[PDB]
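Q: My questions will all concern the structure given below.
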Amino acid sequence: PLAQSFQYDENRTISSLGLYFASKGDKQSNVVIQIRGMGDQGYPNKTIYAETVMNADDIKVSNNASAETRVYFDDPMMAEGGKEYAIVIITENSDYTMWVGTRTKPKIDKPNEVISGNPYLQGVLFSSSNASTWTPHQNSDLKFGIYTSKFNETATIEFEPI
Amino acid sequence: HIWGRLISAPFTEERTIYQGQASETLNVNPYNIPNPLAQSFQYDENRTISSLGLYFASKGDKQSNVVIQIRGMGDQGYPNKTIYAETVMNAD
Amino acid sequence: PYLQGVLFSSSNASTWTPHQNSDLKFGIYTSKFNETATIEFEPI
């Protein structure tokens, strides 16, 4: 399993995530996406704040990190300002790969250019064999995007004509 | 205004811990150089720490400064976010 | 170098990677206060 830490400077309503998969397994395979908390010594903890199952069909893939699969939870994740949180990705299948981004390495679509600085300074890529003990990767971070939402006055559904 | 010399000092210092062996240089920020560090310690008794001794191989320009901090150590042997002391050290 | 300590490194001062075989070159001073303290000022 892999994980990526993040944080916010304010209180933000996380509505959905963005991830990039390089490959996937067969139709029947699935990946469990979780958001866990970060403990006082900067590591993921066993507490789980969100969880969802992503079937193979929902997982888009692409050979240039262009396809973005959107992950949605049923209850929105309320992220307190100044508190670190960690996305966690678990799957029993051995045929799942993700684009990362490592310092000093050439970009996939622009080999002429290299990632000079850290990809995301306020997060760290993690790896684990049992989803308990995490080995950090300081020079590497996942390619991801987090979406935060703002609710408005009223909503409407229209149903197709009977 | 006038200057003043602290004759009788209000305490005498003693160097209890000292790791003097050095072999290599490590950047304070290895993982962000284009193209922080910490060191744990402990005492067997209640001691009043008064100052620290560090050794720097190279420094930045005149305007640069380094933040020195003492943080506590959590139950699993890692630094925690609590900060007990903090100071700012100029280039000079 | 120092048996009871470990050198650490981090990219955000939160997740620390230990270096078991390495330690900083450093020195900690402890103090013992005395009964009184005196200041003297340059002449007027």
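Every chain in the structure tokens takes a letter, A first, then B, and so on in the order presented; its residues are numbered from 1, and the ligands are numbered from 1 following the presented order.
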Identify, on the basis of only C-alpha atoms, every residue whose closest approach to residue 7 (chain C) does not exceed 6 Å; exclude the query and any residue fewer than 3 positions from it along the same chain; express the result as a VMD selection string.
A: (chain B and resid 38 to 39) or (chain C and resid 18 to 19 22 to 23)
Q: Output C-alpha atoms of each residue in that selection to a file, as a tab-separated table (two decimals), in the first residue's frame.
A:
```tsv
chain	number	residue	atom	x	y	z
B	38	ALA	CA	17.85	16.77	13.95
B	39	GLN	CA	19.86	14.87	16.56
C	18	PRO	CA	16.73	8.25	10.70
C	19	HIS	CA	20.41	7.69	9.90
C	22	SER	CA	25.51	8.85	11.61
C	23	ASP	CA	25.35	11.59	14.24
```
Q: Give me the residues near residue 13 (chain C) as a compact mmCIF listing (two decimals) with N, CA, C and O atoms, in the first residue's frame, where near means some atom within 12 Å (using only C-alpha atoms) and where sequence neighbours in that chain fewer than 2 positions away do not count.
A:
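Listing of part-v3.txt after writing:
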```
# COMPACT_ATOMS: atom_id res chain seq x y z
N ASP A 40 1.37 12.35 15.84
CA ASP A 40 2.22 13.43 16.34
C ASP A 40 3.67 13.31 15.89
O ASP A 40 4.41 14.30 15.99
N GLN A 41 4.10 12.15 15.40
CA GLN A 41 5.46 11.94 14.92
C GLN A 41 5.51 11.86 13.40
O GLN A 41 6.38 11.20 12.83
N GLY A 42 4.60 12.58 12.74
CA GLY A 42 4.51 12.61 11.29
C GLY A 42 4.54 11.26 10.59
O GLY A 42 5.42 10.99 9.77
N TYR A 43 3.57 10.41 10.92
CA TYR A 43 3.33 9.15 10.22
C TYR A 43 1.83 8.89 10.20
O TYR A 43 1.11 9.40 11.06
N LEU A 121 6.28 20.05 -1.38
CA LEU A 121 7.17 20.25 -0.24
C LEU A 121 6.51 19.84 1.07
O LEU A 121 7.21 19.35 1.97
N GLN A 122 5.20 20.02 1.20
CA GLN A 122 4.50 19.76 2.45
C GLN A 122 3.92 18.35 2.55
O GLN A 122 3.10 18.10 3.44
N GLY A 123 4.32 17.43 1.67
CA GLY A 123 3.87 16.06 1.76
C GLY A 123 5.02 15.11 1.48
O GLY A 123 6.06 15.51 0.97
N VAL A 124 4.81 13.85 1.86
CA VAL A 124 5.81 12.80 1.69
C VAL A 124 5.11 11.55 1.18
O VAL A 124 4.00 11.22 1.61
N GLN A 138 11.33 10.70 0.93
CA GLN A 138 11.40 12.15 1.05
C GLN A 138 11.41 12.82 -0.32
O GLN A 138 10.64 13.76 -0.56
N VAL B 28 21.73 20.87 5.35
CA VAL B 28 20.64 20.98 6.32
C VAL B 28 19.30 20.64 5.68
O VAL B 28 18.39 20.14 6.37
N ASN B 29 19.15 20.89 4.38
CA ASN B 29 17.92 20.59 3.64
C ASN B 29 18.32 19.77 2.42
O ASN B 29 18.35 20.29 1.29
N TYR B 31 16.74 17.37 0.76
CA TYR B 31 15.68 16.91 -0.14
C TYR B 31 15.04 18.04 -0.93
O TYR B 31 14.01 17.82 -1.57
N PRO B 36 15.53 20.25 6.78
CA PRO B 36 15.96 20.28 8.18
C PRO B 36 16.62 18.99 8.65
O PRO B 36 16.43 17.95 8.02
N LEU B 37 17.42 19.08 9.71
CA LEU B 37 18.05 17.93 10.35
C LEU B 37 17.76 17.96 11.85
O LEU B 37 17.30 18.97 12.40
N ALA B 38 18.05 16.85 12.51
CA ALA B 38 17.85 16.77 13.95
C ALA B 38 18.74 15.68 14.53
O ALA B 38 19.19 14.78 13.82
N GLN B 69 16.10 24.89 17.30
CA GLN B 69 14.97 24.50 18.13
C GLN B 69 15.33 23.24 18.91
O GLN B 69 16.12 22.42 18.46
N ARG B 71 13.09 20.16 20.42
CA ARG B 71 11.78 19.52 20.41
C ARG B 71 11.85 18.22 21.21
O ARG B 71 12.92 17.62 21.36
N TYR B 78 10.84 9.27 17.90
CA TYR B 78 10.87 10.19 16.77
C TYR B 78 10.62 11.59 17.31
O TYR B 78 10.06 11.73 18.40
N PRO B 79 11.03 12.65 16.60
CA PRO B 79 10.71 14.00 17.10
C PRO B 79 9.23 14.31 16.94
O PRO B 79 8.58 13.88 15.98
N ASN B 80 8.70 15.08 17.90
CA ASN B 80 7.30 15.48 17.94
C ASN B 80 7.18 16.97 17.61
O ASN B 80 8.17 17.70 17.59
N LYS B 81 5.93 17.44 17.47
CA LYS B 81 5.71 18.82 17.05
C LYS B 81 5.88 19.82 18.19
O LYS B 81 6.07 21.01 17.91
N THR B 82 5.79 19.38 19.45
CA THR B 82 6.08 20.26 20.58
C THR B 82 7.48 20.85 20.44
O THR B 82 8.43 20.16 20.06
N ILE B 83 7.59 22.14 20.77
CA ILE B 83 8.85 22.88 20.75
C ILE B 83 9.04 23.43 22.15
O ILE B 83 8.14 24.11 22.67
N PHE C 8 18.75 12.57 12.10
CA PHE C 8 17.51 12.58 11.35
C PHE C 8 17.57 13.61 10.24
O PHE C 8 18.33 14.58 10.29
N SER C 9 16.72 13.41 9.24
CA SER C 9 16.55 14.32 8.11
C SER C 9 15.10 14.31 7.66
O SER C 9 14.42 13.28 7.75
N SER C 10 14.64 15.45 7.16
CA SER C 10 13.25 15.60 6.75
C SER C 10 13.14 16.66 5.66
O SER C 10 13.96 17.57 5.58
N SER C 11 12.11 16.51 4.83
CA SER C 11 11.79 17.47 3.78
C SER C 11 10.68 18.44 4.18
O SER C 11 10.36 19.34 3.40
N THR C 15 8.04 14.39 8.87
CA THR C 15 8.41 13.00 8.62
C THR C 15 9.93 12.92 8.59
O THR C 15 10.57 13.47 7.69
N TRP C 16 10.51 12.22 9.57
CA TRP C 16 11.95 12.17 9.76
C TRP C 16 12.47 10.80 9.35
O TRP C 16 11.91 9.77 9.75
N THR C 17 13.54 10.80 8.56
CA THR C 17 14.22 9.59 8.12
C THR C 17 15.44 9.41 9.02
O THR C 17 16.33 10.27 9.00
```
Q: List every residue of chain B that DSSP, applied to the backbone of this structure, assigns to strand (DSSP E), and report them as a PyMOL selection string.
A: chain B and resi 4-6+11-19+37-39+49-54+65-73+79-90
Q: Set out as a tab-separated table a contact list for chain A and chain B with a cut-off of 10 Å, giving each residue of chain A that qualifies its closest atom pair and distance in Å to one decimal, counting only C-alpha atoms, ordered by chain and rising residue number.
A:
```
residue	atom	partner	partner_atom	distance
A:39	CA	B:80	CA	9.2
A:40	CA	B:80	CA	5.7
A:41	CA	B:80	CA	5.0
A:42	CA	B:80	CA	7.8
A:103	CA	B:31	CA	8.2
A:104	CA	B:35	CA	6.4
A:105	CA	B:35	CA	9.9
A:114	CA	B:35	CA	8.4
A:115	CA	B:35	CA	8.1
A:116	CA	B:35	CA	5.0
A:117	CA	B:34	CA	5.3
A:118	CA	B:32	CA	5.3
A:119	CA	B:32	CA	9.2
A:121	CA	B:32	CA	8.0
A:137	CA	B:31	CA	10.0
A:138	CA	B:31	CA	6.5
A:139	CA	B:31	CA	5.8
A:140	CA	B:31	CA	9.4
```
Q: Next, write the just-selected residues to a file, as a compact mmCIF listing (two decimals), in the first residue's frame, keeping C-alpha atoms as the atom set.
A:
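What follows is the written file part12.txt:
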```txt
# COMPACT_ATOMS: atom_id res chain seq x y z
CA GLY A 39 0.10 11.12 14.21
CA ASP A 40 2.22 13.43 16.34
CA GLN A 41 5.46 11.94 14.92
CA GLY A 42 4.51 12.61 11.29
CA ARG A 103 13.19 14.87 -7.66
CA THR A 104 16.08 15.06 -10.19
CA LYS A 105 14.26 12.63 -12.60
CA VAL A 114 13.85 17.46 -14.88
CA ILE A 115 12.01 17.94 -11.58
CA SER A 116 14.42 20.37 -9.91
CA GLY A 117 12.93 20.98 -6.45
CA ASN A 118 10.75 18.74 -4.32
CA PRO A 119 7.45 17.89 -6.12
CA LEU A 121 7.17 20.25 -0.24
CA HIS A 137 10.20 8.59 0.48
CA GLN A 138 11.40 12.15 1.05
CA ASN A 139 12.35 12.85 -2.59
CA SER A 140 9.08 11.50 -4.05
```
Q: Could you please determine the separation between CA of residue 38 (chain A) and CA of residue 145 (chain A) in Å, to one decimal place?
A: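 Interatomic distance, CA of residue 38 (chain A) to CA of residue 145 (chain A): 18.7 Å.
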Q: If we count only C-alpha atoms and set the cut-off at 12 Å, which residues sit around residue 30 (chain C), ignoring sequence neighbours fewer than 5 positions away in its own chain? Please answer as a PyMOL selection string.
A: chain B and resi 11-18+43+45-53
Q: Find the residues around residue 55 (chain B) up to 10 Å (only C-alpha atoms counted), leave out those fewer than 3 positions away in its own chain, and share them as number ranges by chain.
A: B: 20, 22, 58; C: 24-27
Q: Tell me which protein, DNA and RNA residues are within 12 Å of residue 45 (chain A), counting only C-alpha atoms, leaving out same-chain ones fewer than 3 positions away, and put them as a PyMOL selection string.
A: chain A and resi 3+5+34-42+48-49+84-88+131-134
Q: Generate a file of the selected residues that holds N, CA, C and O atoms, formatted as a short mmCIF file (atom, residue, chain, number, x, y, z; two decimals), in the first residue's frame.
A:
```
data_model
loop_
_atom_site.label_atom_id
_atom_site.label_comp_id
_atom_site.auth_asym_id
_atom_site.auth_seq_id
_atom_site.Cartn_x
_atom_site.Cartn_y
_atom_site.Cartn_z
N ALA A 3 0.85 5.78 0.37
CA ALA A 3 0.14 6.90 0.98
C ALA A 3 0.90 8.19 0.73
O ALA A 3 2.12 8.19 0.54
N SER A 5 0.95 12.27 2.34
CA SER A 5 0.46 13.21 3.34
C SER A 5 0.16 14.57 2.72
O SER A 5 0.75 14.95 1.70
N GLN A 34 -8.65 5.29 0.94
CA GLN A 34 -8.92 5.74 2.30
C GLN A 34 -8.21 7.06 2.56
O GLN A 34 -7.21 7.38 1.92
N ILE A 35 -8.75 7.81 3.52
CA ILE A 35 -8.09 8.98 4.09
C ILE A 35 -7.90 8.67 5.57
O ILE A 35 -8.88 8.43 6.30
N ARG A 36 -6.65 8.69 6.02
CA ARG A 36 -6.27 8.43 7.40
C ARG A 36 -5.68 9.68 8.04
O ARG A 36 -5.32 10.64 7.35
N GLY A 37 -5.63 9.69 9.37
CA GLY A 37 -4.99 10.81 10.03
C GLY A 37 -3.48 10.62 10.17
O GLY A 37 -2.94 9.55 9.90
N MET A 38 -2.81 11.70 10.55
CA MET A 38 -1.37 11.73 10.76
C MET A 38 -1.08 11.91 12.24
O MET A 38 -1.64 12.81 12.88
N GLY A 39 -0.21 11.06 12.79
CA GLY A 39 0.10 11.12 14.21
C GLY A 39 1.17 12.15 14.53
O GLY A 39 1.88 12.64 13.66
N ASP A 40 1.37 12.35 15.84
CA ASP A 40 2.22 13.43 16.34
C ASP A 40 3.67 13.31 15.89
O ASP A 40 4.41 14.30 15.99
N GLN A 41 4.10 12.15 15.40
CA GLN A 41 5.46 11.94 14.92
C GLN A 41 5.51 11.86 13.40
O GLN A 41 6.38 11.20 12.83
N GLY A 42 4.60 12.58 12.74
CA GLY A 42 4.51 12.61 11.29
C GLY A 42 4.54 11.26 10.59
O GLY A 42 5.42 10.99 9.77
N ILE A 48 -9.26 5.95 10.58
CA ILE A 48 -9.73 6.13 9.21
C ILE A 48 -10.89 7.12 9.24
O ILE A 48 -11.87 6.91 9.96
N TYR A 49 -10.76 8.19 8.46
CA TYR A 49 -11.82 9.20 8.37
C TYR A 49 -12.73 9.01 7.16
O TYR A 49 -13.89 9.44 7.21
N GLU A 84 -2.36 17.53 9.68
CA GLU A 84 -1.95 16.76 8.52
C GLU A 84 -2.86 15.56 8.34
O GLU A 84 -3.29 14.94 9.33
N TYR A 85 -3.13 15.21 7.08
CA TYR A 85 -3.92 14.03 6.77
C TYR A 85 -3.23 13.28 5.64
O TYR A 85 -2.47 13.88 4.87
N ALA A 86 -3.51 11.98 5.54
CA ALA A 86 -2.82 11.12 4.59
C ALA A 86 -3.85 10.36 3.76
O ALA A 86 -4.68 9.64 4.32
N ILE A 87 -3.80 10.53 2.44
CA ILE A 87 -4.49 9.63 1.53
C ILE A 87 -3.82 8.27 1.61
O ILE A 87 -2.58 8.17 1.67
N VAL A 88 -4.63 7.21 1.61
CA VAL A 88 -4.14 5.84 1.66
C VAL A 88 -4.85 5.05 0.57
O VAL A 88 -6.06 5.17 0.37
N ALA A 131 0.40 -2.03 5.59
CA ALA A 131 -0.46 -0.88 5.92
C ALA A 131 -0.44 -0.57 7.41
O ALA A 131 -1.46 -0.18 7.98
N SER A 132 0.70 -0.79 8.06
CA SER A 132 0.89 -0.35 9.44
C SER A 132 2.21 0.39 9.61
O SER A 132 2.25 1.48 10.20
N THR A 133 3.29 -0.19 9.10
CA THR A 133 4.63 0.37 9.15
C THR A 133 4.94 1.00 7.79
O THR A 133 4.94 0.30 6.77
N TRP A 134 5.21 2.30 7.79
CA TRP A 134 5.36 3.08 6.57
C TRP A 134 6.80 3.54 6.41
O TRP A 134 7.39 4.10 7.34
#
```
Q: Please compute the CA of residue 136 (chain A)-CA of residue 54 (chain A) distance, one decimal, in Å.
A: 24.9 Å
Q: Pick out the closest residue to residue 4 (chain B) from this set: C:21, C:28, C:39, C:44. Count only C-alpha atoms.
A: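 Looking at the shortest contact to residue 4 (chain B), the residue is C:39.
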Q: Give me the residues near residue 62 (chain A) as a PyMOL selection string, where near means some atom within 10 Å (using only C-alpha atoms) and where sequence neighbours in that chain fewer than 3 positions away do not count.
A: chain A and resi 20-24+65-68+99
Q: Could you state the separation of CA of residue 82 (chain A) and CA of residue 11 (chain A) in Å, given to one decimal place?
A: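 Between CA of residue 82 (chain A) and CA of residue 11 (chain A) the gap is 8.3 Å.
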